[PDB]
Amino acid sequence: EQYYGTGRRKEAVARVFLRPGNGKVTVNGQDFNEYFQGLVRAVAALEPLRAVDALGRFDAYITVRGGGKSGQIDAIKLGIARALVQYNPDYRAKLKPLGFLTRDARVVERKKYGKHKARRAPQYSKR
Amino acid sequence: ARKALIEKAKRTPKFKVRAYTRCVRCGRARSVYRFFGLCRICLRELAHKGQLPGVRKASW
Amino acid sequence: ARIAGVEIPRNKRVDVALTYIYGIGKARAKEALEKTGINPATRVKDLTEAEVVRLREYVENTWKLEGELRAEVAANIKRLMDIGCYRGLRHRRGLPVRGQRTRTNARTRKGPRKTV
Amino acid sequence: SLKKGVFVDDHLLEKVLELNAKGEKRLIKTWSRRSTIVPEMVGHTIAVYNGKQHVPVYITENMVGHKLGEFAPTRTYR
Amino acid sequence: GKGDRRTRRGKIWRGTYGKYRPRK
Amino acid sequence: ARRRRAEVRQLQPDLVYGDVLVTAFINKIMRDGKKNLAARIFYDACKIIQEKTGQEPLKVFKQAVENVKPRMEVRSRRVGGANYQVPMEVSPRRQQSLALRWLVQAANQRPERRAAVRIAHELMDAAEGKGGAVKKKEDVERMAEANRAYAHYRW
Amino acid sequence: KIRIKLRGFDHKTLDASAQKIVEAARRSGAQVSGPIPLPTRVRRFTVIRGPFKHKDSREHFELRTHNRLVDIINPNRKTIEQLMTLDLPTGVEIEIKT
RNA sequence: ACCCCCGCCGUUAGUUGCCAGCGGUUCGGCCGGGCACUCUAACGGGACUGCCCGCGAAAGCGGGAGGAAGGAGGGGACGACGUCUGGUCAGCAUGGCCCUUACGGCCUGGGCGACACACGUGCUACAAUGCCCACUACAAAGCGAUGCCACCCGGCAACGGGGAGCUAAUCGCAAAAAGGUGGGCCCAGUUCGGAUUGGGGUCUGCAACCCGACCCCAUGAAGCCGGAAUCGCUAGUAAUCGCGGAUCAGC
RNA sequence: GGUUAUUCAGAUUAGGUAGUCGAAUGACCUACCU
Ligand SMILES: [Mg+2]
Ligand SMILES: [Mg+2]
Ligand SMILES: [Mg+2]
Ligand SMILES: [Mg+2]
Ligand SMILES: [Mg+2]
Ligand SMILES: [Mg+2]
Ligand SMILES: [Mg+2]
Ligand SMILES: [Mg+2]
Ligand SMILES: [Mg+2]
Ligand SMILES: [Mg+2]
Ligand SMILES: [Mg+2]
Ligand SMILES: [Mg+2]
Ligand SMILES: [Mg+2]
Ligand SMILES: [Mg+2]
Ligand SMILES: [Mg+2]
Ligand SMILES: [Mg+2]
Ligand SMILES: [Zn+2]
C-alpha cells in the first residue's frame, strides 16, 4: 500500500510516507502550499510526481527536520524518488537519467584557521 | 619580577579581583586555560607527550 | 504651526515633525501622541486648530526644550570649565570625553584632517 | 557608579571630621582619587596625588558629585 | 541598522536586548 | 587556468518556463544569494509584461536579450611592445553573459523606484530596439568597427 | 529498575567495559537493555602553535569525553554479585543510580 | 596510502523521534505501546580503470551505463636535505657578561588608553533589491556547581526580588537572522546614517575622573558607493545572514 | 576640463634615486643605482 524512501541533505533529513490519494500533502503539519509560502523552489520538489505523471493522485505525509528552510525541500526531492522507486521498479529506468538519485555532496565546508571563511584571506598587503 | 610574581600569584591575600590565572609549569601570566592551569606552549607540548589524557590530535 | 516659539515643523508627519524640533527626539514625539490621542498618521496641513494648540502648548510647557534647553547644555560645560575637571578640560582642547583614541581618528570632534 | 552608598575612603572622612570637630586647617596629602567628595567638605584643600605629586587643588559647591581625580591632572601638557 | 543605538537588530549585534526587543 | 578548458556551469532550468536562459537572468539579479528575492522581482516584471502588452514575457525576454547581444568587441593585446584594441567575434557564451549582465545594469541606472518595474521598463525597451542597456551594446560595437584597423591580429 | 552510566576517554575501553557488563548481567540475571551511547560531548581547544608570534598555522586537539548507557531491570542476586566482583574498570568513570 | 569530519546502506543498543497503526485527546507524541524509521555514536561493506567504446607498446587519456558517490568525490591532520646568520634569553631552560643595602623586594597612585599627524587590518554606513514595526516558520555546534536561569511582580529599560528544575540528547543561555503576511514611509543630509555631546539611571567589583560595558531621554556629526593604487575568491566557494565558545569579576 | 611650475601626502619599489602617478597651492586657458 504505502510508498517510502529517505531524503537527506545538510543534516536536514526527511522521512517520506505516501499512500495513493487525491493530492493532499501534509508534512510536519501544514498543507504543502501553506508551510512553503512565497518561495519559488518549492514547486520543484514535487517534480518526481510530475515525472511519473501523477500530480493529483498521490497524497503524502513527510516528516522533515533539521537543516535550513530550502535544504529541507531538497531532502524532500529525493525521499519521493526513493518512495516511488521502491514500490515501482519501472519508474527508475527513466527517473534516474533525468537525475534525482544523489545525496548531493554539496555540504557547507569547514572554516580553516588563518582564514576567515575556510578561504577568504585577511586583506593582503606589503606596505 | 618573574619569580617574585609567580609566588605572589599563589598568595591571594587581598580582594579576589587579583587572584589572576597563572600557569602551573611555566608560570606564564597570560593564555592560561582554567580547565588545565596550563599555558598554550606547554599544554601543546604536553599534548604531544600524551601526558594530557583523553586529549587527541584534532582533525575533522 | 509655529510650535516651539520659532521652529515650524509643517507639511510633514505629526510624529516626525516633532523630532526635528530641538529638544524633542523620536520618543518624546510618540509621547505627545498617546497623551493627546492624536493619530500619528495625519499631517500638519490638515489638523484641527484645537490640536494646533492642544498638542503644542502640551509639549511646550511639559518639559525642557528649544534654545533654553541648549542653554543648559551650554551651562553644564561652564561648570566643568571654571574649575578644570578631567571631563571639562576636554572641551577646552576640544578632545573627546570618553577617553577614546586620540592617536587614531576621532575627527568628529577634532575637525577635518589638518596634515601639517 | 555606586548608587547605593557613595564610595570613598574612611581615612578621608576621618582626616576631615577631626577637621570640622574644631574647624582645623585644610592641608592634607591624599592617595585616593578613586573617591567621591563628601558634600560638607567644602572650603578644604585636598592635595591630591596623580602619580606625580600633591596638587593644591581647591574645592567648591559645584564639584561635589565628582571624584578627587577629576580635579587632578594625570598627564603633562593637558 | 547593525549600529543604530535604538533598533530591532540594533541590539542583536551588541549582545543585549533592551526596550526595543521582546524580553521575558 | 592553464590545463583544461574548465567547462561551464550547467545551471538548472526554469521553475516556470523550462528554459535555461530564464534562470540565467535571475542569478545576475540575485544579490547575496537570494534566488527567491530575485525570481519574484523578475516574475513581477513578467506580469507587468502582459499588462502594458498582452504579449508573452517569453518572447519579450527572448527579444530583450537578442537586442543587446553584442556581435564583436575590442580586446587589448600586446605585440612585442604595444597595446592594440583588436576587435573580434565574441564567445557564444560571452554574448549572453554580457547582454544579461548589462541588462541588469540598466535596471539600476533608471529613475524607476521599484526594481521589478525597472527590469519591466527595461526588458521592453530592449525588444523594441532602444534602451539604456541596448546603447551600451551599440557602443561596444562602435569601438569594434572604429579600430577595425588592427583586425590583422585575429589570433 | 537500576541504571548505570559509563563516561570515559578511550572508546576501545568503553566498548569493552560496557560489553562485559552486558554479558554478565544477562547470562546470570533477568533482562538488560544493550549499550546506549549518549551524544559524545567533545571539547575543542585551538591555540597558537608558535611560542612567540604567528597568528596562524596554529594547532588544536579534542577531548573525547565519551558516553555510554546500560539499563538492567531485575535486581537479581546473582547479577549484583557478578557486577560487584567481576568488573574490569580502568579509565572509565561509572555512576550507578536506582 | 593506512587517521578523522561529511557524502550510500546495514549490523548493535533503545527515555531521540511516530494520529505514521489502535485507545484517552486537556485534540499537547501528553499516556499506553514499538524501534521497522528520524536520530544518536560505534563497527563494517562500497569505487578497483571493474565494465562496454575508441587512441595506445605499456603507462594512460577521452566517452557511456550501472551507482549515493568515478579517475585524489569534498574537506582536514600531515608540511622533505635545506634556505632565510629569519623569530623568541619575554613561555621556559641555558654558556658568558652585568646589578647584588639595590638593575633585587612591597604597596599606593600614575602610565601602556598621552595626539598637530601618517600607514596597516576592520565594523557600520551613505540607503527604496531597501529604512521602521506587528505576526509567523526553518539551524549546527557549543558550554552550563560557588554556574546557564524557565515562570510572577515593580519600570521606559538595563536590572533587581521571590522561586521550580539541572553531576547535564530530559532543566536553562534559546526569537537562529535574512526571510513569509500586513503598515506607515516617497528620494529627502532623509523614519537612511549613529558619530558626537548634556542630564538621569542599572550591573561587576576594595575602586569605573583618569580608564568599563549597558540602558532611556535629547543632541541627530562625516558621510551621494569614493584618485593613483590596491585585495579576496573557481562552488556550497564569494558575498550575505545569525549562533556558540575559549579568554574572562566585569569588559 | 587643459597647460605649466613647485611642494609633501600618498602611490608603484625589497629599498633608494628619478620618473611616471596621484593630491594640494600659486600662475594660467619605464631609468639608474645599492
Ligand atoms: Mg535508512
Ligand atoms: Mg558558507
Ligand atoms: Mg581578571
Ligand atoms: Mg537517554
Ligand atoms: Mg501503520
Ligand atoms: Mg513494531
Ligand atoms: Mg580525468
Ligand atoms: Mg603526508
Ligand atoms: Mg637576526
Ligand atoms: Mg595595547
Ligand atoms: Mg540634517
Ligand atoms: Mg555640520
Ligand atoms: Mg560564554
Ligand atoms: Mg614612497
Ligand atoms: Mg620612495
Ligand atoms: Mg599643500
Ligand atoms: Zn607553560
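As a convention, Cβ positions derive from the backbone with ideal geometry for all residues, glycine included, and neighbour counts pool all protein chains shown. What follows draws every value from the coordinates through simple rules; no lab data is involved.
Out of G:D15, G:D56, I need the residue that is farther than 30 Å from G:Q82 by Cβ and either of a type in the set (S, T, Y) or more than 16 Å from ligand 17 (Cβ to nearest atom) (or both). Which one?
G:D56
Cβ-Cβ below 9 Å, separation at least six or inter-chain, first residue in the stretch B:34-55 and surrounded by fewer than 18 Cβ atoms within 10 Å (Cβ to Cβ), second hydroxyl-bearing (S, T, Y): which pairs?
Listed by first residue and then by second, the contacts come to B:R34/B:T21; B:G37/B:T21; B:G54/G:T65.
Show me the helices (runs of 4 or more DSSP H) entirely contained within the stretch A:32-127 in which 2 or more residues are away from ligand 2 (no atom under 16 Å from the Cβ) and not small (G, A, S).
Numbers: elements: A:32-35, A:42-45, A:47-51, A:69-86.
Hits in the stretch A:32-127: A:32-35, A:47-51, A:69-86.
So, in the stretch D:13-50, how many residues would count as being away from chain C (no Cβ under 14 Å) and out of contact with any helix residue (DSSP H, G or I) (no Cβ under 8 Å at 6 or more places or on another chain)?
Going through the stretch D:13-50 one residue at a time, the tally reaches 18.
For a quick check of your reading: which strands (runs of 3 or more DSSP E) sit entirely within the stretch G:19-98 and have at least 1 residues that are away from ligand 2 (no atom under 16 Å from the Cβ) and either touching a residue at least 60 places away in the same chain (Cβ under 8 Å) or farther than 30 Å from A:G114 by Cα (or both)?
Result: G:68-72, G:92-97.
In this structure, does F:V20 turn out to be touching a residue at least 12 places away in the same chain (Cβ under 8 Å), surrounded by fewer than 17 Cβ atoms within 10 Å (Cβ to Cβ) and either at positive phi or not charged (D, E, K, R) (or both)?
For F:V20, the condition - touching a residue at least 12 places away in the same chain (Cβ under 8 Å), surrounded by fewer than 17 Cβ atoms within 10 Å (Cβ to Cβ) and either at positive phi or not charged (D, E, K, R) (or both) - is not met.
Which of the helices (runs of 4 or more DSSP H) contained wholly in the stretch C:52-116 include at least 1 residues that are out of contact with any helix residue (DSSP H, G or I) (no Cβ under 9 Å at 6 or more places or on another chain) and within 14 Å of another protein chain (Cβ to nearest Cβ)?
Fully inside the stretch C:52-116 and qualifying: C:67-82, C:89-93.
For the stretch F:92-107, indicate whether the set of residues that are closer than 15 Å to F:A133 by Cβ, of a type in the set (D, E, K, R), away from every other protein chain (no Cβ under 14 Å) and outside any helix (DSSP H, G or I) is non-empty.
no
Quick check on this structure: which one of A:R103, A:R82, A:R110 is away from RNA strand I (no atom under 16 Å from the Cβ), within 14 Å of chain G (Cβ to nearest Cβ) and either touching a residue at least 60 places away in the same chain (Cβ under 8 Å) or touching a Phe, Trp or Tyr at 6+ places or on another chain (Cβ under 9 Å) (or both)?
A:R110
Return the residues of the stretch A:16-32 that are among the polar types (S, T, N, Q) and either under 14 Å from A:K69 (Cα atoms) or in contact with a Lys or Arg (Cβ under 8 Å, 6 or more places away or on another chain) (or both); say none if nothing qualifies.
Kept after step one, since they are among the polar types (S, T, N, Q), are these residues of the stretch A:16-32: A:22, A:26, A:28, A:30.
Those that are among the polar types (S, T, N, Q) and either under 14 Å from A:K69 (Cα atoms) or in contact with a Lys or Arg (Cβ under 8 Å, 6 or more places away or on another chain) (or both): A:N22, A:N28.
With the requirement that a residue be surrounded by 11 or more Cβ atoms within 10 Å (Cβ to Cβ) and at positive phi, what does the stretch A:74-127 give you?
A:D104, A:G114, A:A118
How many of the residues making up the stretch D:51-64 are under 25 Å from D:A21 (Cβ atoms) and either in a loop (DSSP other than H, G, I, E, B) or within 11 Å of chain C (Cβ to nearest Cβ) (or both)?
Restricting attention to the stretch D:51-64, the residues satisfying the condition of being under 25 Å from D:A21 (Cβ atoms) are D:54, D:56-61, D:63-64.
Those left that are additionally either in a loop (DSSP other than H, G, I, E, B) or within 11 Å of chain C (Cβ to nearest Cβ) (or both): D:54, D:57-61, D:63-64.
Qualifying residue count, the stretch D:51-64: 8.
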